[PDB]
2 protein chains.
Amino acid sequence: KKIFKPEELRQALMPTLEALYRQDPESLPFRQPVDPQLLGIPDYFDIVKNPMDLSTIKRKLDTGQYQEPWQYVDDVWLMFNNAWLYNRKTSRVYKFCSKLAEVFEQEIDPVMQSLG
Amino acid sequence: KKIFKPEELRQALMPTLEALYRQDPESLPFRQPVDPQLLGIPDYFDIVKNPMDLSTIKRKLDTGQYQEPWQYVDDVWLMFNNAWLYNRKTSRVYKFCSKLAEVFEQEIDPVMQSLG
Ligand SMILES: Cc1noc(C)c1-c1ccc2c(c1)nc([C@@H]1CCCC(=O)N1)n2[C@H]1CC[C@@H](NC(=O)OC(C)(C)C)CC1
Ligand SMILES: Cc1noc(C)c1-c1ccc2c(c1)nc([C@@H]1CCCC(=O)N1)n2[C@H]1CC[C@@H](NC(=O)OC(C)(C)C)CC1
Ligand SMILES: [Mg+2]
């Protein structure tokens with residue numbers, strides 16, 4: 001039944017995104033979209049058909065593109081699954097992604113309990 | 001008596017797993033282990049005694065846990081059989097599983113032929 005007010009969603013959810021940004025160095029690969037030309041990885045978009053990154057999620061929060069909090073959680077989880085799929089378990093970026101996922105899991109659980 | 005090296009298997013088999021990940025929305029329930037507490041299905045682990053999902057399979061490919069290609073195929077097929085067993089034929093999840101199974105059959109057929 002409930003309609004989420006855009007600023008209510010933004011206020012509840014942005015602290016969880018801000019917690020990811022504070023992770024340095026782990027958030028740095030995730031602060032802007034993956035650029036396969038800069039990185040020299042022409043197969044990236046062969047494998048990742050739905051790219052996502054922190055700046056895109058932040059812009060969707062700013063502009064009211066999320067109707068309900070699970071749409072935001074789905075984008076954060078998509079971001080992580082893209083990096084875990086494309087990069088090997090031993091790689092730096094994969095370990096960075098796991099650290100962000102660890103932080104996100106700790107932040108998001110009490111927030112979603114209070115929203116639903 | 002051919003020996004299959006970890007990286008050899010990974011290069012051959014990873015594309016077939018990547019093809020499943022590309023299916024959206026159908027791969028989304030399969031990208032992480034089933035969480036019966038999150039989903040509110042407490043009998044899940046009564047029926048599924050050997051859970052399996054894409055992220056676990058990907059990890060086993062990354063870490064060399066498959067000795068031969070059929071061990072990978074067996075895990076993908078276990079994944080599917082778990083979903084078809086637990087969910088009814090008319091359910092969304094079951095239909096999503098069938099879609100992944102159709103993609104997998106098309107992708108694995110030539111790969112297995114080239115490996116043997
Ligand atoms: C995620 C992901 N998933 O797969 C992959 C693959 C990634 C991913 C993405 C970015 C990565 C990254 C891995 N490795 C690094 C760096 C550089 C190379 C290797 C290294 O060791 N450290 N970067 C940086 C690239 C550009 C930087 N900023 C940026 O573009 O500055 C402007 C001014 C706008 C030009 C910041 C981040
Ligand atoms: C397979 C299978 N076999 O039996 C069953 C049963 C499944 C199965 C499994 C997952 C399912 C699923 C069915 N239905 C959905 C969604 C939500 C439920 C209602 C719906 O209509 N669609 N999900 C999602 C659950 C959580 C999602 N992500 C996730 O955990 O995010 C973090 C951040 C880590 C918390 C991704 C997938
Ligand atoms: Mg953990």
# chains A, B, ... in the order shown; residues from 1 in each chain; ligands from 1

call {"tool": "select_by_dssp", "arguments": {"residues": "chain B", "states": "alpha helix (DSSP H)", "output": "PyMOL selection string"}}
result
chain B and resi 6-21+36-39+44-47+54-62+69-86+92-115

call {"tool": "residues_near_ligand", "arguments": {"ligand": "ligand 2", "cutoff": "9 Å", "atoms": "only C-alpha atoms and all ligand atoms", "output": "ChimeraX atom specification"}}
result
/A:70,73-74,76-78,101,104-105,108-109 /B:27-36,38-41,44,52-53,79-80,82-87,92-94,96-97

call {"tool": "interface_residues", "arguments": {"of": "chain A", "to": "chain B", "cutoff": "8 Å", "atoms": "only C-alpha atoms", "output": "PyMOL selection string"}}
result
chain A and resi 47-49+81+85+88-89

call {"tool": "calpha_fit_and_write", "arguments": {"fixed": "chain A", "moving": "chain B", "output": "mmCIF file with C-alpha atoms, in the first residue's frame"}}
result
data_model
loop_
_atom_site.group_PDB
_atom_site.id
_atom_site.type_symbol
_atom_site.label_atom_id
_atom_site.label_comp_id
_atom_site.auth_asym_id
_atom_site.auth_seq_id
_atom_site.Cartn_x
_atom_site.Cartn_y
_atom_site.Cartn_z
ATOM 1 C CA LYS B 1 0.154 -0.123 0.688
ATOM 2 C CA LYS B 2 2.874 2.364 1.585
ATOM 3 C CA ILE B 3 4.026 4.941 -0.959
ATOM 4 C CA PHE B 4 7.721 5.853 -0.798
ATOM 5 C CA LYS B 5 8.345 9.509 -1.589
ATOM 6 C CA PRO B 6 11.547 10.544 -3.426
ATOM 7 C CA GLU B 7 12.953 12.631 -0.572
ATOM 8 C CA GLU B 8 11.863 10.049 2.006
ATOM 9 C CA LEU B 9 13.805 7.300 0.219
ATOM 10 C CA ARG B 10 16.758 9.602 -0.346
ATOM 11 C CA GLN B 11 17.189 10.489 3.342
ATOM 12 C CA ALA B 12 16.982 6.828 4.374
ATOM 13 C CA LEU B 13 19.228 5.368 1.660
ATOM 14 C CA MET B 14 21.855 8.063 1.016
ATOM 15 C CA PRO B 15 23.793 7.216 4.242
ATOM 16 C CA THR B 16 24.305 3.654 3.012
ATOM 17 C CA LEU B 17 25.733 4.950 -0.277
ATOM 18 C CA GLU B 18 27.887 7.510 1.565
ATOM 19 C CA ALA B 19 29.340 4.668 3.640
ATOM 20 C CA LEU B 20 30.562 2.964 0.451
ATOM 21 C CA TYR B 21 32.145 6.185 -0.839
ATOM 22 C CA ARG B 22 34.116 6.573 2.383
ATOM 23 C CA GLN B 23 36.041 3.346 1.671
ATOM 24 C CA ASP B 24 39.441 4.363 0.300
ATOM 25 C CA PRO B 25 41.023 2.781 -1.745
ATOM 26 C CA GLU B 26 38.206 0.252 -2.222
ATOM 27 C CA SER B 27 35.475 2.526 -3.615
ATOM 28 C CA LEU B 28 37.717 4.283 -6.167
ATOM 29 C CA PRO B 29 37.039 1.886 -9.110
ATOM 30 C CA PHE B 30 33.297 2.191 -8.318
ATOM 31 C CA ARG B 31 32.978 5.989 -8.149
ATOM 32 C CA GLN B 32 32.504 6.397 -11.928
ATOM 33 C CA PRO B 33 31.302 4.061 -14.695
ATOM 34 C CA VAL B 34 33.748 1.443 -15.913
ATOM 35 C CA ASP B 35 35.497 2.789 -19.020
ATOM 36 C CA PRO B 36 36.754 -0.249 -20.999
ATOM 37 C CA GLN B 37 38.649 1.925 -23.483
ATOM 38 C CA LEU B 38 40.585 3.708 -20.718
ATOM 39 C CA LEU B 39 41.300 0.423 -18.920
ATOM 40 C CA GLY B 40 42.107 -1.621 -22.031
ATOM 41 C CA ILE B 41 39.479 -4.322 -21.429
ATOM 42 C CA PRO B 42 37.514 -4.404 -24.701
ATOM 43 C CA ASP B 43 35.450 -7.461 -23.700
ATOM 44 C CA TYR B 44 33.925 -5.718 -20.640
ATOM 45 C CA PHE B 45 30.581 -4.902 -22.280
ATOM 46 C CA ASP B 46 30.379 -8.431 -23.705
ATOM 47 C CA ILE B 47 30.084 -9.754 -20.138
ATOM 48 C CA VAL B 48 28.465 -6.814 -18.318
ATOM 49 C CA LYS B 49 25.258 -5.902 -20.187
ATOM 50 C CA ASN B 50 23.793 -3.764 -17.357
ATOM 51 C CA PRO B 51 26.665 -1.606 -16.047
ATOM 52 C CA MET B 52 26.183 0.207 -12.738
ATOM 53 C CA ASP B 53 28.348 2.310 -10.433
ATOM 54 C CA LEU B 54 28.109 4.591 -7.383
ATOM 55 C CA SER B 55 27.757 7.808 -9.376
ATOM 56 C CA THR B 56 24.807 6.465 -11.352
ATOM 57 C CA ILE B 57 23.107 5.205 -8.186
ATOM 58 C CA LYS B 58 23.678 8.580 -6.514
ATOM 59 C CA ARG B 59 22.157 10.342 -9.534
ATOM 60 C CA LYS B 60 19.115 8.079 -9.451
ATOM 61 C CA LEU B 61 18.663 8.890 -5.753
ATOM 62 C CA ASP B 62 19.010 12.635 -6.446
ATOM 63 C CA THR B 63 16.448 12.511 -9.264
ATOM 64 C CA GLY B 64 13.800 10.295 -7.635
ATOM 65 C CA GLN B 65 14.250 7.322 -9.957
ATOM 66 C CA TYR B 66 13.664 4.708 -7.241
ATOM 67 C CA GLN B 67 10.025 3.988 -6.337
ATOM 68 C CA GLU B 68 10.786 1.625 -3.445
ATOM 69 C CA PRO B 69 13.900 0.746 -1.393
ATOM 70 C CA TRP B 70 14.511 -2.637 -3.032
ATOM 71 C CA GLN B 71 15.053 -0.967 -6.408
ATOM 72 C CA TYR B 72 18.013 0.852 -4.861
ATOM 73 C CA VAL B 73 19.285 -2.357 -3.230
ATOM 74 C CA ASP B 74 18.945 -4.136 -6.583
ATOM 75 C CA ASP B 75 21.209 -1.559 -8.267
ATOM 76 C CA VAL B 76 23.881 -1.775 -5.551
ATOM 77 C CA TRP B 77 23.798 -5.568 -5.792
ATOM 78 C CA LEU B 78 24.006 -5.358 -9.606
ATOM 79 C CA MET B 79 27.120 -3.162 -9.223
ATOM 80 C CA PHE B 80 28.722 -5.816 -7.049
ATOM 81 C CA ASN B 81 27.686 -8.759 -9.205
ATOM 82 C CA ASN B 82 29.141 -7.056 -12.293
ATOM 83 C CA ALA B 83 32.544 -6.719 -10.592
ATOM 84 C CA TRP B 84 32.505 -10.265 -9.164
ATOM 85 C CA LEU B 85 31.491 -11.668 -12.559
ATOM 86 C CA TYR B 86 34.050 -9.803 -14.672
ATOM 87 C CA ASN B 87 37.025 -10.004 -12.311
ATOM 88 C CA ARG B 88 38.730 -13.097 -10.874
ATOM 89 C CA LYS B 89 38.396 -13.927 -7.174
ATOM 90 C CA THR B 90 42.135 -13.272 -6.591
ATOM 91 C CA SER B 91 42.072 -9.833 -8.239
ATOM 92 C CA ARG B 92 42.285 -6.513 -6.418
ATOM 93 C CA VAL B 93 39.005 -5.241 -7.902
ATOM 94 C CA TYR B 94 37.136 -8.342 -6.756
ATOM 95 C CA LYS B 95 38.501 -7.946 -3.229
ATOM 96 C CA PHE B 96 37.568 -4.244 -3.275
ATOM 97 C CA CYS B 97 34.040 -5.253 -4.304
ATOM 98 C CA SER B 98 33.823 -7.738 -1.416
ATOM 99 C CA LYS B 99 34.873 -4.995 1.002
ATOM 100 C CA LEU B 100 32.139 -2.678 -0.296
ATOM 101 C CA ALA B 101 29.632 -5.533 -0.100
ATOM 102 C CA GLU B 102 30.542 -6.158 3.559
ATOM 103 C CA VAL B 103 30.031 -2.489 4.408
ATOM 104 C CA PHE B 104 26.791 -2.354 2.427
ATOM 105 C CA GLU B 105 25.259 -5.337 4.199
ATOM 106 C CA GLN B 106 26.002 -3.763 7.587
ATOM 107 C CA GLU B 107 24.548 -0.400 6.564
ATOM 108 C CA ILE B 108 21.450 -1.558 4.670
ATOM 109 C CA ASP B 109 20.195 -4.144 7.193
ATOM 110 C CA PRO B 110 18.799 -1.714 9.812
ATOM 111 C CA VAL B 111 17.665 0.806 7.185
ATOM 112 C CA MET B 112 15.547 -1.736 5.363
ATOM 113 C CA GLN B 113 14.029 -2.851 8.672
ATOM 114 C CA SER B 114 13.031 0.713 9.566
ATOM 115 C CA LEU B 115 11.509 1.246 6.092
ATOM 116 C CA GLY B 116 9.270 -1.834 6.276
#
